[PDB]
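Asks: Take this structure, written in structure tokens, and hold onto it; I'll ask about it next.
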Amino acid sequence: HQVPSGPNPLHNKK
């Protein structure tokens with residue numbers, strides 16, 4: 001969980 005805004009990283013893949 002890199003840089004998300006929720007339950008999955010929306011950036012940096014995961």
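Chain lettering (A, B, ...) mirrors the order of the structure tokens, residue numbering begins at 1 for each chain separately, and ligand numbering begins at 1 in order of display.
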Tell me, as number ranges by chain, which residues lie within 7 Å of residue 14 of chain A, counting only C-alpha atoms; anything in the same chain fewer than 5 positions away does not count.

Replies: A: 1-2, 8-9
